[PDB]
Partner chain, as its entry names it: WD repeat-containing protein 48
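The chain below stands alone and is given as structure tokens, in the form deposited without the partner chain.
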């Protein structure tokens, strides 16, 4: 195939398989996220290892699927994920139609589901609570403080996440968006003032995950049109990204990341559109457009930042892997 041809027989990785997924009609929201996840190596490994070990679930289908790919005879090709998509439609009825879906709802549904499938599973080893391997890879923790402006009382409470969603604005960077995330907001009752009071709410990242799934919120409800729009803003993201936690732990203030996958959305609105995935594999990058698989140049990633200027090709979910 021309894919192998373009990587080169020298650069083509040992035991790697590059296989496209068939669109069954608006199922690219699923394909693209599936490819993205397949190229998160910690995740690919845990699910491959799951296949080895049991009652039919979303996870068995994923594991069958990832297994099917990583087992393929040929080096390049195309697989129809029929069983996974059926299982997904049977299991979650908000996807059981031929309308386009939100790739981020899928990702988030998939991780949540695979999470507590494995919870209910180790609740069946203990007693034939203990963080799952989904959590190990993707879980982070944020604290949302609130200060009563009257008495200055801060109330913290943590919450865990498997993905993080940030708001976008025109001509900015991921960095600018994460900073905006920790930014103060202002309807409260504090146990101290014992009245209702006015306050300042903040959100801080307490624990950084080993893989940061970063959802850019490009589908906002525009109060004008009385409809959802796709925001095609130029939002730049780096190939590498140093982030900080608010843990105060002086030995772990930090986490360094490399970009491994981008889910990009192509189009001009959340109903008319197409999803693709940009993934890193060893020294090169691949674009998966459903069945079409092809080598992309890393400089060409910047095509997916979006426009300063209707239809566009924008990064929508970024997957950053730690070097940890």
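Numbering follows the first chain given and starts at 1. So that the term is clear: the rigid core is the largest set of C-alpha atoms that superpose within 1.5 Å between two forms.
Not pictured, yet referred to below: the form solved in complex with the partner chain.
Heavy atoms within 4.5 Å of the partner chain in the deposited complex are found in exactly one of 203-211, 103-111, 146-154, 117-125, that being 146-154. Comment: the partner chain is not present in this chain, but in the deposited complex one of 141, 182, 86, 197 has a heavy atom within 4.5 Å of it, namely 197.
Mapping the unseen interface onto this chain, residue 166 falls outside it, with no heavy atom inside 4.5 Å of the partner chain in the deposited complex. Annotation: the position in 119, 141, 150, 112 displaced by at least 2 Å at CA between this form and the one not shown, with the core superposed, corresponds to 150. Superposition of the core reveals a Cα shift of 2 Å or more for residue 199 between this form and the one not shown.
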